[PDB]
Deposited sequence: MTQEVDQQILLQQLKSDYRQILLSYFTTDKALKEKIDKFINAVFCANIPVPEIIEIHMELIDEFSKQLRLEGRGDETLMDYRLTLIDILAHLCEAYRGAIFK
């Protein structure tokens, strides 16, 4: 187990699956698990935002088309859940 990239790549993989199933019908568990992992690893929000953008770039290439602006809903949903995880813990 070399370093941080081991987890950051797994998280990117997990987030990819959330994006691809976001506008479908079960998803809740995938999001809850992703949130708990970034929460437990103290991953900064800018890193999550970077994963989002990277996957958007990958998607745009696979689709032969960087804001896929509808996926901003997904990011909002993720950040809102992360905020609440942290807020529910502070006190």
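Sequence ranges 1-3, 30-31, 71-73, 76-77, 102 have no coordinates in this entry (deposited sequence, numbered from 1, C-alpha basis).
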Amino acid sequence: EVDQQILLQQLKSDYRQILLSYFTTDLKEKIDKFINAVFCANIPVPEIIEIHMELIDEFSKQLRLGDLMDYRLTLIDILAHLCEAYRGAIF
From here on, numbers count along this sequence of modelled residues.
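Stretch comparison (56-64 versus 41-49) by mean CA B-factor in the PDB entry places 56-64 on top. Higher mean CA temperature factor, per the PDB entry, when comparing 69-77 with 17-25: 17-25.
Ranked against the other modelled residues of its chain, the C-alpha B-factor of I90 as given in the entry falls in the highest third.
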